[PDB]
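Each protein sequence line maps, in turn, to chains Y and S.
In terms of UniProt numbering, the first sequence opens at residue 7 and continues consecutively.
According to UniProt numbering, the stretch in the second sequence is residues 2 to 381, 386 to 395, in order.
From the three backbone atoms N, C-alpha and C, an ideal C-beta is built for every residue, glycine too.
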Amino acid sequence: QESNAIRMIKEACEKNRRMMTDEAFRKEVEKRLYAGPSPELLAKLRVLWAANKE
Amino acid sequence: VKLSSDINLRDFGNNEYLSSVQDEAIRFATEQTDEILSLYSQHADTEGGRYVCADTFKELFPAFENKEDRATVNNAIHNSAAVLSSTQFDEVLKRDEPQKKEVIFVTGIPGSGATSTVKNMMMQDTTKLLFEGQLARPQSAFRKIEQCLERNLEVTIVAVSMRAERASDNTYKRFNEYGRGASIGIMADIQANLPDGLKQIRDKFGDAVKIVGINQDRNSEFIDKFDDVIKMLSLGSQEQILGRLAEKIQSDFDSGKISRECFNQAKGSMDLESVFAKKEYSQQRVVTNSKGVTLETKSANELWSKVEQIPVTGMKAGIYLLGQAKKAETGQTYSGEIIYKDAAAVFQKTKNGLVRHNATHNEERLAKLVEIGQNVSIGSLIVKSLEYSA
């Protein structure tokens, strides 16, 4: 019978179909993809970059 | 925790900016490996460091902070990000977690929505690691797959696919919202060679690696058998796809669908003139008359059918075989009526027969300087009207 990863992938395909007929759902997935670093992460990165300048 | 390998340098040439960004990225990745992996694991959107992708690691580099720089610095920071991914990949593998037995590799042409597919996967309790990256050149992936199978982990490779043209449209939107798109060179390289890479994985490791596919042109249809995955992914040669992509991004720019910035990042380091010159017109002709020009193509059995009619006034009756046009030699001047024009070529009727000019000459655009039906001289870029009334 089918492994777990293969179910996960099939479930992922169903959600990809949902994106095509639900503008609000697509927009929350695409907002997450392109969000970039959170302000919390960005604060941590700044310290990291600044402490290790040449 | 050190990098799992030395980061390979690319050659940036006389571009001092990218050359120095490269060395800064390599220095950062090599000396701060520990703090970088820790930020990626604990603080980025990575499922606790189990979603491993070079494109997520790019967001931890100073050169990538500002949206408007990402297209320019991408190639310069890539290898540093990819080696950071391998290092991360190895750190996840070393964690003792007998419950977690499954490793998923996800790949696809940029703009195919592979990343969006990964975000729509929900982590299961048996999921050890999720890696997203190119498998067209699979050598690097061999080292990762080997390590999975040494640890008795089950490996699944998921190939996400879409026609280049529609994927290209998605890359434009990503460039405009996020600052990174994709070059036509990498898009064509990937879509042409991906089957070969997946072939090389099946032949090194066998049934031990499950290989599946997602066809995004058939509403994300899941494809289960390897032979069927190879079928779906057969979408042309590298020359064919590159040729089609070059025509698309040029037409898209010429008509005003994409800005110059979006066009330049899609161009990448491609000489478009050299792509356009490789285009073939052997089964094609142009029929001119008093109403306009009609582009026709021949089938295998010698039947002509219409592709495109363009209305134009003032041309006489004519039939021109486009594949028999003489290439324009550089430095010489050619005079006469333009009889056909597209994204790749401009065809001109001279006294010594039909001539073909590349639609681009040394990054200057010839095709926009002339109209079909117009009598001109073309030389070198000097274009003159020869139109008169007497």
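Between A168/S and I105/S, the C-beta spacing is not below 7 Å. Taking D255/S as the centre and dropping the five residues before and after it, the same chain places the C-beta of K369 closer than 7 Å to its C-beta, in chain order. Look at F132/S here: in three-state DSSP terms it is strand. Residues of the region 118-133 of chain S with a Cβ closer than 9 Å to any Cβ of chain Y, in chain order: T118, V119, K120, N121, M122, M123, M124, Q125, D126, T127 and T128. Between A137/S and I191/S, the C-beta gap is smaller than 7 Å, which places the two residues in contact.
With a cutoff of 7 Å on beta-carbon distance, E155/S and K102/S are scored as near each other. For a cut-off of 8 Å, the C-beta gap from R175/S to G112/S is around 7 Å, short enough to register as a contact. Of all residues in the region 25-39 of chain S, the ones placed with a Cβ closer than 9 Å to any Cβ belonging to chain Y are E25, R28, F29, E32, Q33, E36 and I37, in chain order.
The contact set of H44/S on chain Y, defined by CB atoms closer than 7 Å, consists of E46, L47 and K50 in chain order. Scanning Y282/S, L304/S and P312/S for the CA closest to the CA of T295/S turns up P312/S. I78/S is positioned such that its CB atom lies closer than 7 Å to that of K59/S. Each residue's CA atom was taken as its position, placing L40/S and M124/S some 20 Å apart.
For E178/S, the closest alpha carbon among the candidates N67/S, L4/S and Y321/S is that of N67/S. Listed in chain order, the alpha helix (DSSP H) runs fully inside the region 84-143 of chain S are 115-120, counting runs of at least 4 residues. At least one beta carbon of chain S lies nearer than 7 Å to the beta carbon of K21/Y. For the C-beta of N220/S, the chain Y residues within less than 9 Å are, from N- to C-terminus, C19, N22, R23 and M26. Under the Cβ criterion of 7 Å, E178/S is counted among the residues facing chain Y.
Contact annotation: in the region 154-171 of chain S, residues whose CB is within less than 8 Å of a CB in chain Y are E155, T157 and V159. For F223/S, at least one C-beta of chain Y is nearer than 7 Å to its own C-beta. Among the CB atoms of chain S, one or more fall inside 7 Å of the CB of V35/Y. For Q135/S, the CB contacts under 7 Å within the same chain, skipping 5 residues up- and downstream, are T108 and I191 in chain order. Chain Y has no Cβ within less than 7 Å of the Cβ of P312/S.
For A326/S, the closest alpha carbon among the candidates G315/S, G332/S, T314/S and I340/S is that of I340/S.
Residue-level contact by beta carbon fails for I340/S and chain Y, as no gap is shorter than 7 Å.
The beta carbon of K59/Y does not come within 7 Å of any beta carbon belonging to chain S, so the residue lies off that interface. As the crow flies, the alpha-carbon of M188/S is around 7 Å from that of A165/S. DSSP places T334/S in no alpha helix (DSSP H); its state is neither H nor E.
A contact between stretches requires three or more CB pairs, one per stretch, nearer than 8 Å, and the region 340-354 of chain S fails this requirement with the region 228-243 of chain S. With fewer than 16 other beta carbons inside 10 angstroms of its own, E303/S counts as exposed. Taking C-beta separations shorter than 7 Å and ignoring five residues to either side along the sequence, the partners of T118/S in its chain run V107, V161 and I215, following chain order. For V22/S, the enclosing alpha helix (DSSP H) starts and ends at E17 to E32. Nearest neighbour of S87/S by Cα position, chosen from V74/S, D56/S, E98/S and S260/S, turns out to be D56/S. Taken in chain order, the whole alpha helix (DSSP H) runs of length 4 or more contained in the region 246-281 of chain S are 261-268 and 273-279.
Taking 7 Å as the CB threshold, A30/Y stays off the interface with chain S. When the alpha-carbon of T331/S is set against those of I379/S, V371/S and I320/S, the nearest one is in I379/S. Assignment of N353/S by DSSP, reduced to helix, strand and coil, places it in the coil class.
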